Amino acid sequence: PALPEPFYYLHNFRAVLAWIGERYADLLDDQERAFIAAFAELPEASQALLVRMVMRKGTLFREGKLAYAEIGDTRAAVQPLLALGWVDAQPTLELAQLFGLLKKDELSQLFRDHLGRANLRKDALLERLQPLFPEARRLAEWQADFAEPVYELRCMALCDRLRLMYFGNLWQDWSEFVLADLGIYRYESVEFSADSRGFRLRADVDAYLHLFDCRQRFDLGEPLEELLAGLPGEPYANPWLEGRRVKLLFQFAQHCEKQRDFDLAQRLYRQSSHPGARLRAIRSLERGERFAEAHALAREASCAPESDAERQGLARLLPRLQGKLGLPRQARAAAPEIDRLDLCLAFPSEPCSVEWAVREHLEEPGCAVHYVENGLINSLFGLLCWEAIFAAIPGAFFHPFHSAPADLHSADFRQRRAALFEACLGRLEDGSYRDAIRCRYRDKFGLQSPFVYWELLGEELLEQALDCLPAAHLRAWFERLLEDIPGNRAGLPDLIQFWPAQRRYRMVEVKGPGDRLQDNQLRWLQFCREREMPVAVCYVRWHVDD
């Protein structure tokens, strides 16, 4: 869609280098400063060519796929990069990499004397020929008549280290700059300290890179024996880093449980503080026929549960373990009688998921039904509390592209922000919360945020929600979300219906045939019907006339 400067991407890259120079100046090593300075020495076209290679996929390129008009002649622009070693000409290629660079026609002809196989695909061709050609070669040693040179980028690790230093993570690309400049991504602007940055110590960057590496190798099928040997056993000082580690241990354990190695899964879950891990360790011990440990851990956990999810899970585990130890059957109570509404509806032909069906059936004159499912309540929260969620609390925002503060999932996130929350939530006690939300809605429309789904929240659903929802219910929900954000942001009922005449609402969780209530949904039903909130669960059967 034509940004006016043909070098827009190079401009952005220079912006990141400068930014890292001022904010990270104390964290950079010798190789890094040499890279930034050397890059500043490059002629514009070689700078541009570099950034082009960095932003594309993989490290290997054919000269002809590197044509660009701002740069002109590619060979000329690449020569200064060859002199620094940041690009190899004539690298050494594994057969698979040769297969990445080459067309299937060229490859079919090249090895034609070893192909009697069949007409068959490219990946199969690679498979058949790999036991034949294990030894890597330069491109010239593969075929000497191939007339297009091939370049390999050699600085990608140092670039990824720069990316992660600027963004505080590796998932965000440099195209963040162009997508925000084009208005495809619109981020809220925070004014944060000129000393604000993602990483404090160099070793914390080093560690993020090590965990990231570990996840990569695991995803490639590496045995956990050397994976675990490589991880640190001791927990990290930096807590947000210990989150990454602890998540990784968690997935290792899940993989183990899949392999039915229950003792190791238990071990790995037990050394992780990841939310829900203790539960998975009890359940793993039970699966490993280790009942006494499972029971012990379950009693430990029930003394001081981590979450409501953990309370609910122990409620099933404990009695089954008690039974497995031959302990007396302990009396319990029935579920709090979910308030249910049965519907027998036409068979659609064709589907038409069931939630749309109930939503149609419940919509009459006078009744408005919306398929929202925790997007409306979270949105109302994010609108009211916007000014606290985006507060300039130090270390919460270090660059223009945050969709959420960095500490959003930290334990004292609310404490750090305390006043500003009881300010915002306070507007629920006077009348001002409606106006405040409508203005925040108009001001902030489209801005990326953790809790506000704008696509879902049209002006009409906003107005009906505002005038039909009690403020005290809003406060109840909003405090429940704040208490544990990541465990409570999901599970609200599929539908919500409004009767704007009498300003009334009811939420409806929809369940088709073969559908049952998840755990979080059940906790939200319990929470709602302890407030005498209007929730109902709707179970649907289909009618086929024959």
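Residue numbers run from 1 along the displayed sequence.
- Stretches 113-121 and 300-308 differ in mean C-alpha B factor, with the higher average recorded for 113-121.
- Per the PDB record, of the two stretches 341-349 and 209-217, 341-349 carries the greater mean B-factor over its C-alpha atoms.
- Sorting 380, 325, 140, 178 by the CA temperature factor given in the entry leaves 140 at the top.
- Going by the entry's values, 410 shows the largest Cα B-factor out of 410, 74, 272, 449.
- Ranked by Cα temperature factor within the chain, residue 434 sits in the highest third according to the deposited record.
- Residue-level temperature factors show residue 8 in the lowest third of its chain, judged at the C-alpha atom.
- Sorting the modelled residues of the chain by their CA temperature factor places residue 145 in the highest third.
- When all modelled residues of the chain are sorted by CA temperature factor, residue 236 is found within the highest third.
- Ranked within its chain, residue 332 lands in the highest third, by CA B factor from the PDB record.
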